[PDB]
file structure.cif (mmCIF, C-alpha atoms)
data_input
loop_
_atom_site.label_atom_id
_atom_site.label_comp_id
_atom_site.auth_asym_id
_atom_site.auth_seq_id
_atom_site.Cartn_x
_atom_site.Cartn_y
_atom_site.Cartn_z
CA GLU L 1 145.31 98.33 -24.86
CA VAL L 2 142.07 96.95 -23.34
CA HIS L 3 138.67 98.71 -23.00
CA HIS L 4 135.85 97.18 -20.88
CA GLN L 5 132.22 98.32 -20.27
CA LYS L 6 129.67 96.64 -17.85
CA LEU L 7 130.73 93.63 -15.63
CA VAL L 8 128.31 91.46 -13.56
CA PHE L 9 129.73 88.60 -11.41
CA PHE L 10 127.85 85.46 -10.07
CA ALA L 11 124.09 86.16 -9.66
CA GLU L 12 121.40 86.07 -6.88
CA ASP L 13 119.53 83.40 -4.81
CA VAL L 14 122.26 80.93 -3.72
CA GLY L 15 122.26 77.95 -1.28
CA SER L 16 126.06 77.34 -1.06
CA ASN L 17 129.06 78.60 -3.11
CA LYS L 18 132.41 76.77 -3.34
CA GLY L 19 134.85 78.62 -5.70
CA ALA L 20 133.43 81.44 -7.89
CA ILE L 21 136.16 83.59 -9.61
CA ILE L 22 136.70 86.34 -12.25
CA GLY L 23 140.22 87.42 -13.43
CA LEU L 24 143.30 86.63 -15.59
CA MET L 25 144.17 83.48 -13.51
CA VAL L 26 147.90 82.54 -13.70
CA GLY L 27 149.04 79.51 -11.60
CA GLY L 28 146.18 77.36 -10.19
CA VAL L 29 143.06 76.60 -8.07
CA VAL L 30 142.07 73.42 -6.14
CA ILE L 31 138.40 72.86 -5.09
CA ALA L 32 137.33 69.88 -2.88
CA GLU E 1 146.56 100.26 -20.49
CA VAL E 2 143.17 99.06 -19.11
CA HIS E 3 139.81 100.90 -18.69
CA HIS E 4 136.79 99.51 -16.72
CA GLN E 5 133.22 100.94 -16.27
CA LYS E 6 130.27 99.63 -14.12
CA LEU E 7 131.88 96.75 -12.12
CA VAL E 8 129.58 94.55 -9.91
CA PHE E 9 130.79 91.65 -7.67
CA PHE E 10 128.82 88.56 -6.32
CA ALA E 11 125.04 89.21 -5.95
CA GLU E 12 122.35 89.12 -3.16
CA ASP E 13 120.61 86.39 -1.04
CA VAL E 14 123.35 83.87 -0.08
CA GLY E 15 123.29 80.93 2.40
CA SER E 16 127.08 80.29 2.63
CA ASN E 17 130.16 81.51 0.67
CA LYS E 18 133.53 79.71 0.41
CA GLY E 19 135.96 81.55 -1.97
CA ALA E 20 134.50 84.35 -4.17
CA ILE E 21 137.11 86.67 -5.86
CA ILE E 22 137.63 89.44 -8.47
CA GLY E 23 141.16 90.51 -9.58
CA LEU E 24 144.21 89.62 -11.73
CA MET E 25 144.82 86.34 -9.74
CA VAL E 26 148.53 85.31 -9.74
CA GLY E 27 149.63 82.25 -7.67
CA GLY E 28 147.91 79.27 -5.90
CA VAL E 29 144.56 78.88 -3.98
CA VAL E 30 142.93 75.92 -2.10
CA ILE E 31 139.20 75.55 -1.15
CA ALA E 32 138.05 72.61 1.09
CA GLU G 1 147.74 101.87 -16.03
CA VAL G 2 144.28 100.80 -14.76
CA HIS G 3 141.11 102.98 -14.45
CA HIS G 4 137.79 102.04 -12.70
CA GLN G 5 134.37 103.85 -12.65
CA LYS G 6 131.34 102.71 -10.50
CA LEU G 7 132.94 99.81 -8.51
CA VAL G 8 130.61 97.64 -6.30
CA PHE G 9 131.76 94.79 -3.96
CA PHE G 10 129.74 91.73 -2.59
CA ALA G 11 125.94 92.36 -2.26
CA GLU G 12 123.27 92.16 0.55
CA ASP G 13 121.73 89.36 2.73
CA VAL G 14 124.48 86.79 3.58
CA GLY G 15 124.17 83.87 6.08
CA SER G 16 127.96 83.26 6.36
CA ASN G 17 131.02 84.54 4.41
CA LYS G 18 134.39 82.71 4.24
CA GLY G 19 136.90 84.40 1.83
CA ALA G 20 135.53 87.18 -0.45
CA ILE G 21 137.94 89.76 -2.08
CA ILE G 22 138.32 92.59 -4.66
CA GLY G 23 141.89 93.63 -5.73
CA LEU G 24 144.96 92.58 -7.79
CA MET G 25 145.19 89.26 -5.79
CA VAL G 26 148.84 88.02 -5.70
CA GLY G 27 150.39 85.15 -3.63
CA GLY G 28 148.14 82.43 -2.10
CA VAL G 29 145.11 81.58 0.11
CA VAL G 30 143.76 78.47 1.95
CA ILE G 31 139.99 78.20 2.80
CA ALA G 32 138.61 75.38 5.05
CA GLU U 1 148.91 103.33 -11.54
CA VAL U 2 145.39 102.39 -10.35
CA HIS U 3 142.53 104.98 -10.34
CA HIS U 4 138.94 104.76 -8.92
CA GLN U 5 135.63 106.75 -9.05
CA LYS U 6 132.46 105.83 -7.03
CA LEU U 7 134.03 102.95 -4.99
CA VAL U 8 131.60 100.84 -2.82
CA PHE U 9 132.57 98.09 -0.27
CA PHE U 10 130.33 95.14 0.92
CA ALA U 11 126.54 95.65 1.43
CA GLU U 12 124.02 95.20 4.37
CA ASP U 13 122.81 92.20 6.50
CA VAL U 14 125.51 89.58 7.33
CA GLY U 15 125.11 86.68 9.87
CA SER U 16 128.90 86.16 10.18
CA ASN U 17 131.87 87.62 8.20
CA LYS U 18 135.29 85.89 7.77
CA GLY U 19 137.65 87.62 5.25
CA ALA U 20 135.95 90.45 3.26
CA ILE U 21 138.46 92.98 1.68
CA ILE U 22 138.94 95.78 -0.90
CA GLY U 23 142.57 96.73 -1.81
CA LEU U 24 145.63 95.36 -3.71
CA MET U 25 145.71 91.95 -1.84
CA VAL U 26 149.38 90.74 -1.77
CA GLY U 27 150.71 87.84 0.42
CA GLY U 28 150.03 84.41 2.04
CA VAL U 29 146.73 83.98 4.05
CA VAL U 30 144.75 81.20 5.87
CA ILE U 31 140.96 81.03 6.60
CA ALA U 32 139.44 78.27 8.84
CA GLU A 1 143.57 96.67 -29.11
CA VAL A 2 140.76 94.70 -27.40
CA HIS A 3 137.23 96.12 -26.78
CA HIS A 4 134.50 94.39 -24.67
CA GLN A 5 130.86 95.42 -23.89
CA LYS A 6 128.41 93.68 -21.45
CA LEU A 7 130.03 90.80 -19.45
CA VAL A 8 127.65 88.54 -17.38
CA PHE A 9 128.83 85.57 -15.21
CA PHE A 10 126.86 82.49 -13.88
CA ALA A 11 123.11 83.21 -13.46
CA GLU A 12 120.43 83.21 -10.66
CA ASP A 13 118.59 80.50 -8.61
CA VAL A 14 121.23 77.90 -7.60
CA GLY A 15 121.05 75.09 -4.97
CA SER A 16 124.84 74.50 -4.76
CA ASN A 17 127.92 75.55 -6.80
CA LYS A 18 131.29 73.75 -6.94
CA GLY A 19 133.71 75.58 -9.34
CA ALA A 20 132.34 78.37 -11.59
CA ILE A 21 135.10 80.47 -13.30
CA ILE A 22 135.72 83.19 -15.96
CA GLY A 23 139.24 84.23 -17.17
CA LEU A 24 142.38 83.55 -19.29
CA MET A 25 143.23 80.42 -17.17
CA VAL A 26 147.00 79.75 -17.58
CA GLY A 27 148.27 76.66 -15.64
CA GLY A 28 146.14 74.00 -13.82
CA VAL A 29 142.63 73.84 -12.20
CA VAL A 30 141.25 70.85 -10.17
CA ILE A 31 137.56 70.31 -9.17
CA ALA A 32 136.73 67.30 -6.91
CA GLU V 1 142.34 93.98 -33.09
CA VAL V 2 139.23 92.43 -31.43
CA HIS V 3 135.70 93.77 -30.67
CA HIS V 4 133.12 91.80 -28.55
CA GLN V 5 129.46 92.60 -27.57
CA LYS V 6 127.26 90.63 -25.06
CA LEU V 7 129.07 87.78 -23.20
CA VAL V 8 126.61 85.62 -21.14
CA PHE V 9 127.78 82.62 -19.04
CA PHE V 10 125.76 79.57 -17.73
CA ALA V 11 122.02 80.32 -17.29
CA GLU V 12 119.39 80.28 -14.45
CA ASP V 13 117.52 77.63 -12.35
CA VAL V 14 120.06 74.89 -11.41
CA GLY V 15 119.68 72.13 -8.75
CA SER V 16 123.49 71.59 -8.46
CA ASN V 17 126.55 72.74 -10.50
CA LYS V 18 129.94 70.94 -10.64
CA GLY V 19 132.54 72.55 -13.02
CA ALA V 20 131.08 75.30 -15.29
CA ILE V 21 133.82 77.39 -17.00
CA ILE V 22 134.56 80.09 -19.65
CA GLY V 23 138.15 80.99 -20.70
CA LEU V 24 141.21 80.62 -22.98
CA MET V 25 142.61 77.55 -21.04
CA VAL V 26 146.39 76.91 -21.47
CA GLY V 27 147.65 73.81 -19.56
CA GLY V 28 144.74 71.75 -18.13
CA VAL V 29 141.44 71.36 -16.18
CA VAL V 30 140.19 68.28 -14.21
CA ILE V 31 136.53 67.64 -13.15
CA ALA V 32 136.20 64.48 -10.95
CA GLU M 1 140.17 92.93 -37.27
CA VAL M 2 137.72 90.46 -35.63
CA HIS M 3 134.13 91.36 -34.58
CA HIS M 4 131.77 89.22 -32.38
CA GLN M 5 128.12 89.74 -31.27
CA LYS M 6 126.00 87.74 -28.74
CA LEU M 7 127.81 84.86 -26.94
CA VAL M 8 125.39 82.66 -24.87
CA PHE M 9 126.67 79.67 -22.82
CA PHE M 10 124.60 76.63 -21.55
CA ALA M 11 120.87 77.44 -21.11
CA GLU M 12 118.27 77.46 -18.25
CA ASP M 13 116.28 74.85 -16.21
CA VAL M 14 118.74 72.03 -15.31
CA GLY M 15 118.52 69.24 -12.65
CA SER M 16 122.30 68.68 -12.28
CA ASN M 17 125.28 69.95 -14.34
CA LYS M 18 128.70 68.21 -14.56
CA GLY M 19 131.36 69.71 -16.92
CA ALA M 20 129.93 72.50 -19.14
CA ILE M 21 132.77 74.49 -20.84
CA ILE M 22 133.56 77.19 -23.49
CA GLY M 23 137.10 78.24 -24.62
CA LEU M 24 140.19 77.90 -26.89
CA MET M 25 141.27 74.79 -24.84
CA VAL M 26 145.05 74.12 -25.28
CA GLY M 27 146.49 71.00 -23.52
CA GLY M 28 144.51 68.35 -21.51
CA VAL M 29 140.88 68.45 -20.14
CA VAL M 30 139.14 65.59 -18.19
CA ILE M 31 135.47 65.03 -17.15
CA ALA M 32 134.88 61.87 -14.99
CA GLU F 1 138.32 91.13 -41.46
CA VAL F 2 136.17 88.42 -39.77
CA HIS F 3 132.59 88.83 -38.38
CA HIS F 4 130.50 86.46 -36.14
CA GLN F 5 126.86 86.79 -34.87
CA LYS F 6 124.68 84.80 -32.38
CA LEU F 7 126.73 81.98 -30.72
CA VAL F 8 124.39 79.73 -28.62
CA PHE F 9 125.59 76.69 -26.58
CA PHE F 10 123.48 73.65 -25.36
CA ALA F 11 119.77 74.54 -24.90
CA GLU F 12 117.12 74.58 -22.08
CA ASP F 13 115.09 71.98 -20.05
CA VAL F 14 117.49 69.12 -19.12
CA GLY F 15 117.35 66.37 -16.43
CA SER F 16 121.16 65.95 -16.21
CA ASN F 17 124.20 67.14 -18.24
CA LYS F 18 127.60 65.35 -18.36
CA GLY F 19 130.38 66.79 -20.63
CA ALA F 20 128.98 69.52 -22.96
CA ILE F 21 131.71 71.62 -24.66
CA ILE F 22 132.45 74.33 -27.32
CA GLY F 23 136.01 75.29 -28.42
CA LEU F 24 139.05 75.06 -30.75
CA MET F 25 140.61 72.09 -28.80
CA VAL F 26 144.39 71.59 -29.35
CA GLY F 27 145.67 68.44 -27.55
CA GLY F 28 143.22 66.04 -25.77
CA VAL F 29 139.71 66.05 -24.17
CA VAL F 30 138.22 63.08 -22.20
CA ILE F 31 134.58 62.37 -21.14
CA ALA F 32 133.88 59.23 -18.99
CA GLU Y 1 136.30 89.19 -45.58
CA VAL Y 2 134.43 86.29 -43.89
CA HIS Y 3 130.95 86.53 -42.26
CA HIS Y 4 129.12 83.90 -40.09
CA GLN Y 5 125.48 84.28 -38.88
CA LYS Y 6 123.70 82.07 -36.24
CA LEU Y 7 125.63 79.20 -34.52
CA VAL Y 8 123.30 76.92 -32.42
CA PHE Y 9 124.50 73.85 -30.45
CA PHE Y 10 122.40 70.81 -29.24
CA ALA Y 11 118.71 71.72 -28.74
CA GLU Y 12 116.06 71.72 -25.91
CA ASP Y 13 114.10 69.06 -23.90
CA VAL Y 14 116.46 66.16 -22.97
CA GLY Y 15 116.36 63.48 -20.21
CA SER Y 16 120.17 63.03 -19.98
CA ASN Y 17 123.20 64.16 -22.04
CA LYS Y 18 126.61 62.41 -22.08
CA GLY Y 19 129.27 63.91 -24.45
CA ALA Y 20 127.88 66.65 -26.77
CA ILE Y 21 130.63 68.71 -28.51
CA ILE Y 22 131.30 71.43 -31.16
CA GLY Y 23 134.80 72.57 -32.30
CA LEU Y 24 137.90 72.23 -34.54
CA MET Y 25 139.51 69.27 -32.61
CA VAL Y 26 143.29 68.97 -33.33
CA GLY Y 27 144.86 65.85 -31.71
CA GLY Y 28 141.93 63.87 -30.23
CA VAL Y 29 138.76 63.42 -28.09
CA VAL Y 30 137.54 60.34 -26.11
CA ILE Y 31 133.88 59.64 -25.10
CA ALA Y 32 133.09 56.53 -22.95
CA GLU X 1 133.99 87.72 -49.60
CA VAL X 2 132.36 84.60 -48.05
CA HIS X 3 129.01 84.55 -46.16
CA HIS X 4 127.32 81.76 -44.09
CA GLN X 5 123.79 81.61 -42.53
CA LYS X 6 122.45 79.10 -39.91
CA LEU X 7 124.76 76.40 -38.39
CA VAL X 8 122.51 74.09 -36.25
CA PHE X 9 123.45 70.91 -34.27
CA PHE X 10 121.19 67.95 -33.14
CA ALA X 11 117.52 69.00 -32.69
CA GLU X 12 114.93 69.05 -29.81
CA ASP X 13 113.10 66.30 -27.79
CA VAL X 14 115.47 63.37 -27.00
CA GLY X 15 115.19 60.73 -24.23
CA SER X 16 118.97 60.22 -23.78
CA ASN X 17 122.04 61.34 -25.81
CA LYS X 18 125.44 59.55 -25.80
CA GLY X 19 128.20 61.00 -28.11
CA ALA X 20 126.88 63.68 -30.57
CA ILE X 21 129.55 65.81 -32.34
CA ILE X 22 130.24 68.51 -35.00
CA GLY X 23 133.68 69.78 -36.24
CA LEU X 24 136.77 69.56 -38.52
CA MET X 25 138.06 66.53 -36.46
CA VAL X 26 141.86 66.30 -37.15
CA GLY X 27 143.89 63.33 -35.78
CA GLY X 28 141.41 60.84 -34.22
CA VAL X 29 138.27 60.58 -31.99
CA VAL X 30 136.83 57.56 -30.05
CA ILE X 31 133.12 57.01 -29.12
CA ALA X 32 131.81 54.06 -27.00
CA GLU N 1 131.56 86.67 -53.62
CA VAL N 2 129.98 83.47 -52.19
CA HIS N 3 126.75 83.00 -50.11
CA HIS N 4 125.89 79.75 -48.19
CA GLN N 5 122.56 78.97 -46.37
CA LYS N 6 121.55 76.30 -43.76
CA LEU N 7 123.86 73.61 -42.25
CA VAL N 8 121.57 71.36 -40.10
CA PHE N 9 122.32 68.11 -38.17
CA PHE N 10 119.88 65.24 -37.18
CA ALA N 11 116.22 66.34 -36.66
CA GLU N 12 113.74 66.30 -33.68
CA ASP N 13 112.00 63.55 -31.59
CA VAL N 14 114.47 60.65 -30.97
CA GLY N 15 113.92 57.99 -28.21
CA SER N 16 117.71 57.62 -27.74
CA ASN N 17 120.68 59.00 -29.78
CA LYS N 18 124.12 57.25 -29.95
CA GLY N 19 127.30 58.20 -31.94
CA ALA N 20 125.71 60.71 -34.43
CA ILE N 21 128.27 62.97 -36.22
CA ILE N 22 128.92 65.66 -38.91
CA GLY N 23 132.44 66.80 -39.99
CA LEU N 24 135.39 66.85 -42.44
CA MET N 25 137.32 64.10 -40.51
CA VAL N 26 141.11 63.92 -41.23
CA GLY N 27 142.70 60.71 -39.86
CA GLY N 28 139.38 59.21 -38.61
CA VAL N 29 136.60 58.51 -35.98
CA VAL N 30 135.98 55.13 -34.15
CA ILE N 31 132.30 54.41 -33.15
CA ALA N 32 130.75 51.51 -31.11
CA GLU P 1 128.50 86.04 -57.35
CA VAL P 2 127.87 82.37 -56.36
CA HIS P 3 125.17 80.84 -54.07
CA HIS P 4 124.49 77.48 -52.28
CA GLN P 5 121.48 76.22 -50.21
CA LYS P 6 120.45 73.62 -47.59
CA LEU P 7 122.90 71.03 -46.18
CA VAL P 8 120.69 68.66 -44.05
CA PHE P 9 121.12 65.37 -42.10
CA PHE P 10 118.47 62.70 -41.18
CA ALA P 11 114.76 63.60 -40.59
CA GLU P 12 112.43 63.62 -37.49
CA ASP P 13 110.54 60.98 -35.38
CA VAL P 14 112.86 57.96 -34.67
CA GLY P 15 112.71 55.10 -32.06
CA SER P 16 116.53 54.93 -31.57
CA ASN P 17 119.52 56.24 -33.61
CA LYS P 18 123.00 54.58 -33.79
CA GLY P 19 126.12 55.52 -35.84
CA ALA P 20 124.52 57.92 -38.41
CA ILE P 21 127.28 60.03 -40.11
CA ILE P 22 127.80 62.74 -42.80
CA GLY P 23 131.36 63.81 -43.83
CA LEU P 24 134.41 63.72 -46.19
CA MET P 25 136.21 61.04 -44.05
CA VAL P 26 139.88 61.30 -45.21
CA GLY P 27 141.86 58.28 -43.85
CA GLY P 28 140.16 55.38 -41.94
CA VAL P 29 138.22 54.27 -38.79
CA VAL P 30 136.12 51.34 -37.39
CA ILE P 31 132.28 51.68 -37.07
CA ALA P 32 130.05 49.05 -35.31
#

call {"tool": "encode", "arguments": {"input": "structure.cif", "output": "structure tokens"}}
result
Amino acid sequence: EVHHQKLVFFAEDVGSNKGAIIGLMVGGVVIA
Amino acid sequence: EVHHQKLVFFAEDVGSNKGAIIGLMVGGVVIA
Amino acid sequence: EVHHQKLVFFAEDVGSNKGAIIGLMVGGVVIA
Amino acid sequence: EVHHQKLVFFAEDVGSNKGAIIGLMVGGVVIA
Amino acid sequence: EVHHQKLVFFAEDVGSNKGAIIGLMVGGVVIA
Amino acid sequence: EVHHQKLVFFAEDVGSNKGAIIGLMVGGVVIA
Amino acid sequence: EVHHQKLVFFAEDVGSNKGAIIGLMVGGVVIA
Amino acid sequence: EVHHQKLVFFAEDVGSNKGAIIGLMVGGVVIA
Amino acid sequence: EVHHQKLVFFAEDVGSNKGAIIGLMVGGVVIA
Amino acid sequence: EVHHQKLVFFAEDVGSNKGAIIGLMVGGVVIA
Amino acid sequence: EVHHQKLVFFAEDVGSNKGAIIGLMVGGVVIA
Amino acid sequence: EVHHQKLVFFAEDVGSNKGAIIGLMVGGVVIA
């Protein structure tokens, strides 16, 4: 059992994003 | 069993995005 | 069992988007 | 089971969009 | 049982991001 | 049984980010 | 039962960041 | 029962960061 | 019952950091 | 019942840091 | 019932810091 | 009821620090 209240992902005023993630994450990610 | 309240993804004023995600995330991802 | 209340995807004023998602996210993705 | 109340997809002012989605997201995908 | 209140990811005013993540993180992640 | 209040990730005004992460981490992470 | 209040990761006004992390950290982690 | 209050990682006004970490750490961590 | 109040890592105003860490550390850590 | 107040690592105003650590430190650690 | 107050590492204003540590240390720590 | 007060390491205003340690140090390591 999981209870969550209030979630805010990556915030304002950005030049460039490479790879911004929220989750459980099972397996993998490659960033170049 | 999972409960969520007030969920907000990636915020305002952005030049360029490469790869921005919300979820469980199962498997493999590549960003170049 | 998953419950969501007040769900908000990617916000205003974007120059260019490549790959932005809300979901369960299963399998794989390539971004270039 | 997945349940939603007050669901909102991506916001105003975009120069170019490539891959912006709300759903389950299942499979293999490429973005170039 | 797990209970969480007020989650906030990476904050405002950013020139460039490479790799900013929140999660359980099972497996491998590579940032070049 | 776990209870958590106020989670705040990496703070404002950054020239460039490379590898900024929060999570359990099982396996490995590489920043090059 | 475990109770936690006020988690704050790496603070504001930074020229460049390389490798800033919070977690349990099981296995191998490299910053180069 | 266990109780924790006010966790604060590395503080403000910094020219450059390389390798700044908080965690249990089981295995190996490398900074070069 | 165990209670812990105020945890504060490495403090403000610094020209450059290389290798600043807090944890349990089981196995080892290398700083070069 | 056991209570602790104020855990504080290396203090403010420093030209450059190389290798500054706090922990239980089980096995071995190397600083150059 | 036991009450502990103030655990504080090396104090403010240092031109450069190298290899400065607090801990239990089981096995041991190499410094150069 | 039992009480303890003020664990402190080295004081303020220093030209350069090298190899300053406080700990139980069970086992053995090289310091230079």

call {"tool": "resolve_selection", "arguments": {"input": "structure.cif", "expression": "the PyMOL selection byres ((chain L and resi 30) around 9)", "output": "NGL selection string"}}
result
(:L and (19 or 28-29 or 31-32)) or (:E and (28-32)) or (:A and (28-32))

call {"tool": "calpha_fit_and_write", "arguments": {"input": "structure.cif", "fixed": "chain X", "moving": "chain E", "output": "mmCIF file with C-alpha atoms, in the coordinates of the input"}}
result
data_model
loop_
_atom_site.group_PDB
_atom_site.id
_atom_site.type_symbol
_atom_site.label_atom_id
_atom_site.label_comp_id
_atom_site.auth_asym_id
_atom_site.auth_seq_id
_atom_site.Cartn_x
_atom_site.Cartn_y
_atom_site.Cartn_z
ATOM 1 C CA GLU E 1 136.929 82.448 -47.395
ATOM 2 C CA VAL E 2 133.734 80.885 -45.918
ATOM 3 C CA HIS E 3 130.249 82.390 -45.255
ATOM 4 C CA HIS E 4 127.468 80.646 -43.216
ATOM 5 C CA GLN E 5 123.812 81.723 -42.533
ATOM 6 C CA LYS E 6 121.102 80.057 -40.314
ATOM 7 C CA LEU E 7 123.061 77.251 -38.531
ATOM 8 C CA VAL E 8 121.081 74.757 -36.325
ATOM 9 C CA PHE E 9 122.656 71.884 -34.285
ATOM 10 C CA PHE E 10 121.039 68.571 -32.995
ATOM 11 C CA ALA E 11 117.240 68.857 -32.420
ATOM 12 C CA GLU E 12 114.713 68.400 -29.516
ATOM 13 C CA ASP E 13 113.332 65.433 -27.451
ATOM 14 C CA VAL E 14 116.331 63.134 -26.741
ATOM 15 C CA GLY E 15 116.658 60.096 -24.405
ATOM 16 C CA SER E 16 120.497 59.795 -24.381
ATOM 17 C CA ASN E 17 123.353 61.375 -26.421
ATOM 18 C CA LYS E 18 126.852 59.903 -26.923
ATOM 19 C CA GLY E 19 128.986 62.059 -29.322
ATOM 20 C CA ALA E 20 127.173 64.808 -31.315
ATOM 21 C CA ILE E 21 129.477 67.428 -33.011
ATOM 22 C CA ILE E 22 129.616 70.345 -35.507
ATOM 23 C CA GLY E 23 132.976 71.780 -36.726
ATOM 24 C CA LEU E 24 135.981 71.266 -39.056
ATOM 25 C CA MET E 25 136.980 67.972 -37.256
ATOM 26 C CA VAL E 26 140.763 67.286 -37.477
ATOM 27 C CA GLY E 27 142.234 64.252 -35.609
ATOM 28 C CA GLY E 28 140.877 61.053 -33.907
ATOM 29 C CA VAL E 29 137.677 60.275 -31.854
ATOM 30 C CA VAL E 30 136.414 57.100 -30.045
ATOM 31 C CA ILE E 31 132.784 56.350 -28.942
ATOM 32 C CA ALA E 32 132.015 53.222 -26.795
#

call {"tool": "resolve_selection", "arguments": {"input": "structure.cif", "expression": "the PyMOL selection byres ((chain A and resi 10) around 9)", "output": "ChimeraX atom specification"}}
result
/L:9-11,20 /A:8-9,11-12,20-21 /V:8-12,20

call {"tool": "resolve_selection", "arguments": {"input": "structure.cif", "expression": "the PyMOL selection byres ((chain L and resi 3) around 6)", "output": "PyMOL selection string"}}
result
(chain L and resi 2+4) or (chain E and resi 2-3) or (chain A and resi 3)

call {"tool": "residues_around", "arguments": {"input": "structure.cif", "residues": "segment 22-24 of chain Y", "least_positions_apart": "2", "cutoff": "8 Å", "atoms": "all atoms listed in the file", "output": "JSON, numbers by chain"}}
result
{"F": [21, 22, 23, 24, 25], "Y": [9, 20, 26], "X": [21, 22, 23, 24, 25, 26]}

call {"tool": "atom_distance", "arguments": {"input": "structure.cif", "atom1": "atom CA of residue 14 of chain L", "atom2": "atom CA of residue 18 of chain E"}}
result
12.1 Å
